[PDB]
Structures are given as C-alpha cells and as structure tokens.
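Undergrad: Experimental structure and sequence below, a few questions after.
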Amino acid sequence: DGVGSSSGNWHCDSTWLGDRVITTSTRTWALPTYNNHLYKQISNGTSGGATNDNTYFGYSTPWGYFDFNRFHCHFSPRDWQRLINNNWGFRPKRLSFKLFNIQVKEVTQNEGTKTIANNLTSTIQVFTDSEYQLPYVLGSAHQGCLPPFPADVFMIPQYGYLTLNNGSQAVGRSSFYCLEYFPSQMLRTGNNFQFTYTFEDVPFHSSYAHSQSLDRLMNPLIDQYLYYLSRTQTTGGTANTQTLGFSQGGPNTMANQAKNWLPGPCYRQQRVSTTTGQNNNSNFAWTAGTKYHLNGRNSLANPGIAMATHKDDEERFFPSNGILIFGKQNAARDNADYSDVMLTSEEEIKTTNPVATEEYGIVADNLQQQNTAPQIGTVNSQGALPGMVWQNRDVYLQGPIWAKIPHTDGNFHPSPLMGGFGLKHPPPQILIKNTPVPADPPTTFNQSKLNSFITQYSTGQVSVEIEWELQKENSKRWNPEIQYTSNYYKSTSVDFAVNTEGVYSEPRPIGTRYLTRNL
Amino acid sequence: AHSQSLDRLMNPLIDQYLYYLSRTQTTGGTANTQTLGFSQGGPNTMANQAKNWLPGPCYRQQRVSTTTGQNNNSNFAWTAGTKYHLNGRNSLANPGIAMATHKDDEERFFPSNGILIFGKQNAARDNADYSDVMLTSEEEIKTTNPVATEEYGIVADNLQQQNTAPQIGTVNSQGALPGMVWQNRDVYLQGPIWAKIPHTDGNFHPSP
Amino acid sequence: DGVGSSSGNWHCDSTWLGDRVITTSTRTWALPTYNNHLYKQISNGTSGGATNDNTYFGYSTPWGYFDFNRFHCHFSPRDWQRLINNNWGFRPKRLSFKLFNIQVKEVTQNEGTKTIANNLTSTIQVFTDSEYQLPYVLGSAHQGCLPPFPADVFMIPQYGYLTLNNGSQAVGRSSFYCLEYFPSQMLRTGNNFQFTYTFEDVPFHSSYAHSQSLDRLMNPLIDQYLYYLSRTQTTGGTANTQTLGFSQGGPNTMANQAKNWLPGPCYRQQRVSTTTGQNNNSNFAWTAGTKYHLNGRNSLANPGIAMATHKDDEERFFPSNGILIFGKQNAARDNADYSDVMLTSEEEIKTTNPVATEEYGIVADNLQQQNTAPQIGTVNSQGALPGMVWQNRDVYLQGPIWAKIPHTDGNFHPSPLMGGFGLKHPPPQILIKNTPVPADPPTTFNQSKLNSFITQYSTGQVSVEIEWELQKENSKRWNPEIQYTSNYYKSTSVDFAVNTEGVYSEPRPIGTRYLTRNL
C-alpha cells in the first residue's frame, strides 16, 4: 500500500449465469470541500412568498455520500434488454462496494494564476451508517448517482437532513447529528476501503404483464349455476309493476356473472391530455392536484398508489401527478416543455388495477322503497377490501431500485410507491469527506477554532457489484410475445450512445413488462 | 416518539431527478391559455416532491375545545359523536383508531370521543367537571398519523375538460391504503395492558 | 508505515455496558511554531500599575500540549443526559491516547504571494511527563482542550510554567526546565504515537442530590427520651426570677432536638443579586471579595470550599466568587455582561452544607452571671469539626474532570475545589513540538547558534478513549424523579447544535445531580 501503487482495478462488466446475473461498474468521482468544513442550520419559514406546505428545519453537513440507487448504475441498455425480454422477475441478492486509487489534491490561488498539486499526506474519511443511525436520505430520487455512461466522471452529492419543524423553527424533539461522532476510516493515497452487504428477502419484481383481466377469468362457453337479480319490473306493455326475475350469468352477460375477486385500491387523480387543446384553460397543476394532508401541510401523492395510466385507446391521458416523469438529456430544471421530458405509462396493469383518472365503482346511497327511487354514489377513494388483488408500479432502466421502509408500528404493502424494493435494512449510507487541513495557525495561542484551511478536493474510483437473482419464464403461450427492440430504419445517431459532442443520452424510459403471464 | 415526519424524509439540499406537473396554464399577461409545464421537486417545494409512503388510516371525529366559549352552544356529545353501526344499534367509536389529538399549537382541541379520559381522585361518576378529569394526548403521532379532527386528504371528484373545471372531494374516512405506515395509541401508567383478540375469521392490525 | 498510508482511523463513539460506559473522540489539530523555537524568561513585577498580588516569574517554552480535561471532550450532550438521569455516581478507570495522520507543512512567503507545501522529511516530537517531573500545568481550567463539537478543528496550547518569585525577580530556589532534556519520540508523516493510562482508585462522583436534610432525620411522630434546657426564668406574671426547666424534644420542637451530626465547613462569601438594583452601588468585586493570604499576596478563594449557592426562594443570589461561571458562545473576554455568561448553582447541597453567603452558626461569647447577660458570637469561618458531613461541588458537562493533588506532607479532603477527581498520579502531560528545520546556514563556520529556520506548522488527528465506571441507582422512591430534559415547544434553533453559520454552542451548564438519595 504505497504512493506509487494502484490500490484497485477497473471492474466494469456483466456476467449471466442462468438464474443469476452479476453486474459490476466502476466510475471516477470528484469530491470538493462542502460548507467550508461546517455544519450549518438550514431552515425555510412562512415569510416572503413561502407557503406553509414547504416549511422545514434541518442541517447541511460537510460530508458527501455515495449513491447508486438507479438501475442504470448497474445495467447497460443491452443488459437491461436481456433482462426484460426473458425473465418473469428479478431481485437483488448481495453487493460489494469499493473505494480506491484515491488522490487528494490541493489548489493554490495567486494573482489569477491557479495551480493544482498533490498533497500526499492528506486523508479522506469514509464510513457506512450500518446501524441506520443517521437520517436515511437515499431513496428520495435525488441526483448524484453513478452516471449511466461508464466514461462519465461525476461529482459526489452533499449530505444534509431534515427534522421536526414548526414554521421555520425547531421543536423539542428536533434532533441534531454530527457525523464526526461516528467511527470512520481514514485513508491516504494508497489506502482503499470496501464492504459487503446482503439484501434481505424481498419479492421478485413482476417483469411481466397480465394476459388476462380480472373480470374475464371464466369459461366463455358455459353458464354459471348461480343466479342474480335480473329484473325488478314487468315488461309487457304499459301495465308495468314491480316483480322479481332471476337469471344465470353466461357468455353474453359476463359483466353480471358472480366473481371471486375485486380490483386493487384507488385514490383518483385528475386527468390531463398531451394535446393541450383538450385541457381546461387554467393553471390547475397544484389546485386540482391529488394530495395527502399531514399535520397542517399538504403534499402531492406523487406518484401515489399504483393505477393504470389510462384505459383503452387513450394514450394521450395521464394522471396530473400519478406517473414517473424523466427529463430528456439537457431538459431545463424549471418549466421544461412537454417535448423535453419523458412520461412513463403503467398501462400494463389496467388488467387488475383501477384506471388512475376514473372512479373505483358504484355503491348504493339510500334505501329504495315504493315511494323512493334507488340512488347511487360514485367511489373515488377506495381502501383495501377483502378480495382485492393488484400489481405494483413498474421499475425503469433509469428509475430507483430500493427505499428504506419507515420504522413504524405498522404499514400496508411496503412496496415503495415510486417503484422498487422496500427493505427494512437497505444498503447502508456511505458517507465520505475530505479531512480538514489547517493553513499555518497564529504564532501565539488563541482559543478560537481554526477557520483558515488549505484549499483541496479529492478524486478516485468507485466500484459496485450486485448479484441479481432471476426468475425464468415458463409460458405455454403459442404466439410470439411483445419484446423491447431497437429501431430498424436509419437514424441520425444511435439510441443510447454518444453525440458528435460526446454526450451520452437515454432516448426513452424502458420499462420491464414485456413477457406475459396468466392470472 | 418519532423525531422526523413522514412528509420530511428527504435531503434538504438536493433536487429530485423526478418531475411533476407544475403548470397547466400560461402566465405572461392576459392571453392565458392552457399549456403543460413540468418541474423538479426541491428544497423549497417539499410538498410537491414524489414520496414513497402515506399517512395512516383515518375516521374523523368532531373537534371540541377546553375553552368552552369556543364551542357551539348545543349539547352535541352524542348527536355529533363519531360512531359505528352494528345490527341496528350505534356505538361510539371510543376512542377509535389512533390519530393525533391535535395539530401544532392547538393543545386546547381534542376529538369528542377520540382520547382516553381518566378521572382525578374522587371525580363524580356522572357529569364530572372538566377540572375533575384528566384528558390524554396522542399528539406524539402527528408525525405519521392523520390528525383526528381533520380530513385525510383530497381526491378528484370529476373529469375536467376545457368546458368543465376540475372538482375535488374531501376524504374524511380512509381505510388501509398500500404504502400507509402508522403508530398505535400510547399506553398509560393507569391504562389497560392487554385485551383478548376476538375469535373471528379475520382482523386487521389486532392492536386493542 | 509510509507517506501514502493512513496511520490511524477516526474513532469517535460511545458504548454503554451496564456498569461501564466507554467514550471515544477524535479531533483534528494544528500546531504552530511557538516562541521562535526559544525558551524565554517571562516575569511580572510591581512597576507600572501592576499590583503585588499578581507578581510572577517563569518561562515560556517552544512546546505545545494536549489537554482533554473537560467532560464535553468525551460526552456528547445526549450521552451526558444518559449518564446523569440514571446513575448515582461515576468515575474514570483507564484511558488510551493516540496521535496519527501527522502532516508537517512548510510555508513560503514571497512578495505577498503565500504557498503552503508538504515537507515530507520533517518531524514533530512527542513525550509524556510520566514521572511528573515538569510543572503540572493541567488542572487550572485553561482554554485549549479538545472542542466539544467533533467537527471543530482546534489549535494546540503553548506550554509555559511558573516558579518562585520575589516581585519580578527569581530567587535561589527558582527552577528552570528544558523539555529537550527528556527523551522524546520523533515522528515523520506515516509514524504515530500512543500510550495507556490507568486511573488510581478514586471515589465515585455524587451524581445525586439528597432528599433529606441533616436537621430533619428523626421520626416526626415520636418524642426523644433526652431532655434539653427549655426555660431559664419563671413566667407567671411580673415576679419573674430565674429557674431551670427541662423538656423533651418532639415533632414541634425539631430545632431543639438532640442530633448526631453537624453541617459541613464554612468560609463565608459576600452575597450579590442578579437584580443589580438590589446591590450596593460601589465596585466591590475585589474589595469585598473572599480571599486567602499566602506569603504577602492575596488570591480569591475562587470558588473556594463547597457551599450551597443560596437558600430557599433565593435564586437571584450567589457568592461574589463562590461558583463556577461559564461564558455563552462568543462572550467577551473582559467585562462580559451578565446576559453573556452562565452561572452555576450548588443549591442541591443546602441539605448538608452551609449556605455560602450566611454564617455557620452561633457560639457563646462570655460567661453569663446574675449581673451579666449572656452574649453570642456569629461564626463566619468554621474549620472541620468532629461530626461534620458534607457534599463536594458538582461537576459540569463543560467543567474540569481531574486535578493533580499537590505533593505535600499533608492535606484535607483532596477533592479539587473547582470540581472533579483529585489524583496523586493523574493523566500525564502530553507535550508536542515541531522539530526546528534550519534554513541554509552560512558558508564559513560561525560559533553562533542558528536563528534562521524554515517556516512551518503541523496538523493531524488525536484520539482519546476513556472507560468510566457507573454506580447504578437503587432507589425505593415511589414518585417520579427530577430529570434533565430538552425543551418541549418550538424554538429558533436546536439546543446544543449548530447555527445557520455553523457555530456550535452550549446553551446552558448541565449539572449532574438529578436522581435523589436518602441521607
């Protein structure tokens, strides 16, 4: 372990083993000095134009953190294709992480002329929150993950967290965490860091789409032996009075047939069309937005529970805040145009889940009598009901992978709403920081803490290896299946490749549900 | 007690990579027509950010203040009481599912029949005065559970079009929803310890 | 052990083991060159406005020193809370010290443009005064200890000492010490230093407050069998002559009852109120100050023996110089305002110790006779008396921990008056210095000592681990106890956390006496 010896190699590859697939990827990173080596209290009150729904109290730290919670950090486009076109499911099993070839440099600034040189004796610090004692910031779809393209050099995100707040103030229970109060490993160039993790048991992700719908599971050729109320009034002319007539559900009355199950839960969202002319002329993104009310402040149920994006022949419709939306390469941060983003579709689950922009169903609303006509109510919000079955939101090549399940007394169907695997003990947070290097101190003692440091940043490589377990397809379907394919005809450039400028870009979101399976 | 709230689990310093519908209409003056604008949730738009979970179930109760002057002048203890209907007869859902007793800065508010109430030494059996009983508070769970005297949230109510403005509905009753997380009612030095779970074919979250 | 290899890791943590609690903390430090590599004789005479009470003769050295004699160098606020809310006592058992990741840098100064670079071959020197041969400077509440906040980088204090003096002159017995006359370890980047120490047996610190007072230990329901003189003169009208009447102490005459013990020693201090309007209008801080007379010069008995800060319902009163006073974050060095400091209170010992601003008691002053009325004297100074029992001053989260017991023929109740554990062989002094690096010498020999050195300072991390033994609480008290708690309602910031500026601050002093115990 010395100055002139590499402390690691570039491991980037994928190997398929029948029922396992192991992914490996390495990237080069850069870590600056954050907050001037200081922990700062950050807050956002109700003053100015700031709304209550956006208040917060927390702290920003001098630490950075590693994040690879995005599928394209591990699967190359072609690999993702191999995965989705041939398996009914998959899930993470274990992982290896490694930091190496660390170089800490110091930059000197004199009269506009800048010079960067090595500081051989400096150290960076690294540690894993293996006991989940720090606020788990991963799993909130933040930027800063390893880049999709292996050649791209990336910057490490700064770590910060939130605690209880009342307006812009803290409260009694507000907590303050100091990352220097954790044992951490110190490395100089020539030292390396690494650890292993094993994923807890989690269900395979459904990489398939149903080829049968919940309301069409019966035999199209046979009647039921069960009856249903089919007539409440006579028909023969004008002397129509009440009666009671019963019939047997059959091939032509499938909507009347007795069934064993119900569609999944529902929390209706407002519908919006990609053909702007069909939309109401008003700014309703927030006002008509579907939300949840938590201790005085509202949040968008984004994307909320899993529901089909639109029904048959309506591809132009989507829930105002009920789908995942990725930006195209270089799309603006604010008010990007429709042609600059990529909307995803959960249309594959129309089969078992309610359509997001429509009601769940109809219930009675009163007690009909001879002098009172029966009345009905439209259900737009429906919680779990005995007999329901549903599918979870799909995952995407550029989507999140896991999320920590909140430590609470209870929960229902722990599947992260943004998509992925819910884990009680997920991959630990990996925190990294550049150790402070004081510039020459004063010549006579002074109690004050030093605030004059040598300017410096670090850089090195990082490797992440993940073993995935596959669930092979076992279909007796006779006809070909739908598959993800590259375009056939000519084009200006290659999809999922680089520019003439060297910029890598992901042209579309790639789902997971291509193979089909019965109910 | 939780020291973080369900709606504040993200990093206060980083934007999300996900977008959300942020604009439905142009802004530049008076020629305002529909459009579609998308933005990325960030530190100042935490209420818009995409999240992974939902607050616990809700069965709204009527609110009452310990400052009698702020209450309606009528005897509504039973009439406005939150109840359940079982084979022709009604019972108070007392104290009912676990919900925060009141929100921030409202200590004077409590659910009509949604908290445990102990009597002080020698408090009368009937019509004991407020100063003779001791009300408990489940304020520690505002963090994950809905506030007992307020709605669960808002859902769409119709299908908006160019000739129809979007309408919304207030949810006052919300059953289990995939993604919910919640806390159970606290126990007290002078409170009950256990209870037998009814022998039935099924049940949900068997906590007394 | 090389240039490119870390020589230590960041160990900062606390682990509770039932009856032990182990604290670990690491900090980053900076050490400049002190005194230009010279030992200088320093002195302060009677000339100018200098008073005799402040004369001194000593030396300032080129060495620095490590100090972690302050509880907050080891316990985090929350940890201190765990300690004080659940134990009747605690004390230090052993410790580990470590110096590592040393970097010696040299700074070049040419035409205003400064540049700092590594000097790989330079060395720092370290050694422990394990035989207590140097004047023990620790234990005098000096600044320069490891910071409370783990992220704060600190400067190492310069070492200097004092010896006998007569005015500004030295005397025959005055001693001169040279630290280079001690074997010391020399380290280059890549080398580390470390040692172990074991605390001698010391009594647990009383982390409890008495729930009974010395004058109320009897049974409130039973009379004594003993009598006392209750009457010296008849009562029946006007013909009142002497007599002798005796009574039995009982529930209503508890102040007369015969008892077995006496309150602790007393050295009365002048009282001052935090309500300035109630104070005499004159500057009496020193003139009315409580002092001791030692060889011609006076010193404040600060804080002096342990006495209750004030009696019942008098929280606004305190001894002029009889309590520990900490400053709030950023309080001025001189004439800081009352609202800028934090006064401590030893009110928890009113129970066994005399109140600091009042007399000890009353004694006879003459021999009464039929022609002479009895006279009494007020005792304001009371030394040890057979039967006395007392409590020692409490310790604080930001207070000192130990102090070396003076090597003398005798002593009484060796407990350091500022608070803490008195040790005959305390943690040794750890001295550190940057080895002098000559700049190019002249080309032809010259007897004179070199006085031209390369400019340089060093920096690295330091770790201190201390094992504390706990004395669990064993109370049969039925009702809840008083506990240290965080505030409940909203606030601008969190107590014992950082600013929006990144400045850590300790909002109040935190004592140790919350749980209670009988007498």
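TA: Sure, I can see it. Residues are numbered from 1 along each chain as shown, chains lettered A, B, ... in the order given.
Undergrad: Chain A: helices as residue ranges?
TA: For chain A, applying DSSP state H gives helices covering A:77-86.
Undergrad: which one's the longest strand in it?
TA: For chain A, the longest strand by residue count, based on DSSP state E, is strand A:87-110.
Undergrad: quick one, that one and strand C:87-110 angle?
TA: Using axes from the mean of the first three to the mean of the last three Cα atoms, to 10 degrees, the inter-axis angle of strand A:87-110 relative to strand C:87-110 is 50 degrees.
Undergrad: I'd like to know which elements strand A:87-110 is packed against.
TA: strand A:113-118, strand A:124-128, strand A:193-198, strand A:205-206, strand A:430-434, strand A:456-472, strand C:113-118 (3 or more Cβ pairs under 8 Å, 6 or more residues apart in numbering or on different chains; DSSP states H and E). Just so you know, the C-beta spots here come from the backbone N, C-alpha and C atoms, and that holds for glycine as well.
Undergrad: Can you lay out those strands as CSV showing mean neighbour count?
TA: Converted to CSV, those look like this (neighbours: other Cβ atoms under 10 Å in any protein chain shown):
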stretch, mean neighbour count
strand A:113-118, 11
strand A:124-128, 23
strand A:193-198, 15
strand A:205-206, 22
strand A:430-434, 23
strand A:456-472, 20
strand C:113-118, 16
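Undergrad: Tell me which of those lies nearest to residue C:251.
TA: Smallest distance to residue C:251 across those (Cβ to Cβ): 64.2 Å, for strand A:124-128.
Undergrad: In its sheet, which strands sit next to the longest strand of chain A, and in what direction?
TA: When pairing is defined by DSSP bridges, strand A:87-110 lines up against strand A:113-118 (antiparallel), strand A:193-198 (antiparallel), strand A:205-206 (antiparallel), strand A:456-472 (antiparallel).
Undergrad: ok, back up a step: out of the helices and strands packed on strand A:87-110, which is closest to residue C:220?
TA: Taking the helices and strands packed on strand A:87-110 one by one with Cβ to Cβ, strand A:124-128 is closest: 59.3 Å.
Undergrad: Tell me which residues are up against that closest one.
TA: Strand A:124-128 is contacted from outside by A:31, A:99, A:102, A:104, A:179, A:182-187, A:193, A:195, A:428-435, A:458, C:10, using Cβ atoms under 8 Å, 6 or more residues apart in numbering or on different chains.
Undergrad: Show me which positions of stretch A:348-365 end up buried.
TA: Judged by neighbour count (16 or more other Cβ atoms under 10 Å in any protein chain shown), stretch A:348-365 contains these buried residues: A:348-360.
Undergrad: give me the number of residues near residue A:258?
TA: 12 (other Cβ atoms under 10 Å in any protein chain shown).
Undergrad: Now do the phi/psi pair for it.
TA: The phi and psi values for residue A:258, taken as degrees, to the nearest 10, are phi -70, psi 140.
Undergrad: I'd like the distance between it and chain C.
TA: For residue A:258, the distance to chain C (Cβ to the nearest Cβ, to the nearest Å) stands at 57 Å.
Undergrad: For that residue, list the residues it contacts.
TA: Per Cβ under 8 Å, 6+ apart, neighbours of residue A:258: A:224, A:226, A:228, A:249.
Undergrad: same question, residue A:170
TA: If a contact means Cβ under 8 Å, 6+ apart, then residue A:170 has A:43, A:57, A:163, A:164, C:490, C:491, C:492, C:493, C:494 as its contacts.
Undergrad: swap the cut-off to 6 Å and go again
TA: Contacts of residue A:170 were listed using Cβ atoms under 6 Å, 6 or more residues apart in numbering or on different chains, and they are A:57, C:491, C:493, C:494.
Undergrad: returning to what we had before: most surrounded residue in the contacts of residue A:258?
TA: Most surrounded of the contacts of residue A:258: other Cβ under 10 Å gives residue A:249, at 20 neighbours.
Undergrad: right, and that residue touches residue A:255 too?
TA: No: Residue A:249 lies out of contact with residue A:255 (Cβ atoms under 6 Å); the separation is 8.8 Å.
Undergrad: Would you mind naming what in the stretch 301-450 of chain A lies close to chain C?
TA: A:436, A:438, A:439, A:440, A:441, A:443, A:445, A:447, A:449, A:450 (Cβ under 6 Å from any Cβ of the partner chain).
Undergrad: The nearest residue to the second one once chain neighbours are set aside: neighbouring residues, count only.
TA: Nearest residue to residue A:438 in three dimensions, chain neighbours excluded: residue C:30, at 3.7 Å (Cβ to Cβ, 6 or more residues apart in numbering or on different chains). Look at residue C:30: counted by other Cβ under 10 Å, it has 24 neighbours.
Undergrad: Endpoints of stretch A:268-283, how far apart?
TA: End-to-end distance for stretch A:268-283: 19 Å, by Cα to Cα, to the nearest Å.
Undergrad: now swap in stretch A:420-431 and tell me
TA: End-to-end distance of stretch A:420-431: 23 Å, with Cα to Cα as the criterion.
Undergrad: ok now do residue A:257, which residues does it touch?
TA: Applying Cβ under 6 Å, 6+ apart, the residues near residue A:257 are A:224, A:249.
Undergrad: For it, give its distance to chain C.
TA: 59 Å.
Undergrad: Of all residues in the stretch 351-500 of chain A, which one is closest to chain B?
TA: Chain B sits closest to residue A:383 of the stretch 351-500 of chain A, with a gap of 2.7 Å, by Cβ to the nearest Cβ.
Undergrad: So what's the residue count around the residue of the stretch 301-450 of chain A found nearest chain C?
TA: Residue of the stretch 301-450 of chain A nearest chain C, by Cβ to the nearest Cβ: residue A:438 (3.7 Å). Look at residue A:438: counted by other Cβ under 10 Å, it has 25 neighbours.
Undergrad: swap in residue A:91?
TA: 16.
Undergrad: Can you name the residues bridging to it?
TA: residue A:469.
Undergrad: now residue A:58
TA: Beta-bridge pairing for residue A:58 (DSSP bridges): residue A:42, residue A:162.
Undergrad: And it, how close does it get to residue B:47?
TA: Residue A:58 is 15 Å from residue B:47, where distance means Cβ to Cβ, to the nearest Å.
Undergrad: Residue A:217 too?
TA: Taking Cβ to Cβ, one finds residue A:217 at 41 Å from residue B:47.
Undergrad: can you give me the strands for the stretch 101-250 of chain A?
TA: Applying DSSP state E, counting those that start in this stretch to the stretch 101-250 of chain A gives strands spanning A:113-118, A:124-128, A:154-155, A:158-163, A:185-187, A:193-198, A:205-206, A:209-210, A:227-233, A:242-248.
Undergrad: Count the residues that sit near the closest residue to residue A:196 other than its chain neighbours.
TA: Nearest non-adjacent residue to residue A:196, counting by Cβ to Cβ, 6+ apart: residue A:96, 5.6 Å away. Neighbourhood size, residue A:96 [other Cβ under 10 Å]: 16.
Undergrad: Please name the bridge partners of residue A:96.
TA: Bridge pairing for residue A:96 - DSSP bridges - gives residue A:196, residue A:465.
Undergrad: closest to chain C among the contacts of residue A:258?
TA: Ranked by distance to chain C (Cβ to the nearest Cβ), the contacts of residue A:258 are led by residue A:228 at 59.6 Å.
Undergrad: need the residues of the stretch 151-300 of chain A near chain C, please.
TA: Counting by Cβ under 6 Å from any Cβ, the residues of the stretch 151-300 of chain A near chain C are A:166, A:169-172, A:174, A:176, A:178, A:180-181, A:183-191.
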